[PDB]
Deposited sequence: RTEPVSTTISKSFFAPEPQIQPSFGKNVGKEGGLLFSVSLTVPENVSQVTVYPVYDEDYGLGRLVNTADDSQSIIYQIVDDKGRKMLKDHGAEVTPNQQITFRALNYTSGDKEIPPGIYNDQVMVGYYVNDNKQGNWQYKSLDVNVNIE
């Protein structure tokens, strides 16, 4: 098992359901399932992006696969080794100042599950 670093792609957002960022990766050998999930609320698959320059500005989000299914710990997308797959962070905030927003998410690979943390630092404008 070896997992290349997943790549974060910014989006060019304030609508409920709007794309905030994406995570793309190549499925390793011997892996049949991959999840990318936030850990703000791990049980319900919710993340919290925070503005690095302003504590008081956050965006709640969920991460979905290419069929729009929310990803959770130990429950991701079924995949084939060597395919490229993309996950999308979608705004779940009801009711956004431009800046740089941060969160940490997790990537799980079903080989047993192997986990790797992923830092997210993205422009949202």
Worksheet item: Numbering the deposited sequence from 1, which residue ranges have no coordinates here?
Response: 1-12, 25-27, 111-113, 130-135
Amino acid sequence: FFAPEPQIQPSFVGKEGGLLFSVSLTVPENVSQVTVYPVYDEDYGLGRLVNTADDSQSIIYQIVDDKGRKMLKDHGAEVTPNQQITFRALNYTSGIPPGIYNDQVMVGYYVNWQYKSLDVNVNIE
From here on, numbers count along this sequence of modelled residues.
Worksheet item: So which stretch wins on mean C-alpha B-factor, 17-25 or 113-121?
Response: 113-121
Worksheet item: Do the CA atoms of 47-55 or those of 34-42 have the higher mean B-factor in the entry?
Response: 34-42
Fill in: Highest-ranked of 96, 71, 90, 100 once sorted by CA temperature factor in the record
96
Worksheet entry | Chain thirds of CA B-factor: placement of residue 65 | lowest
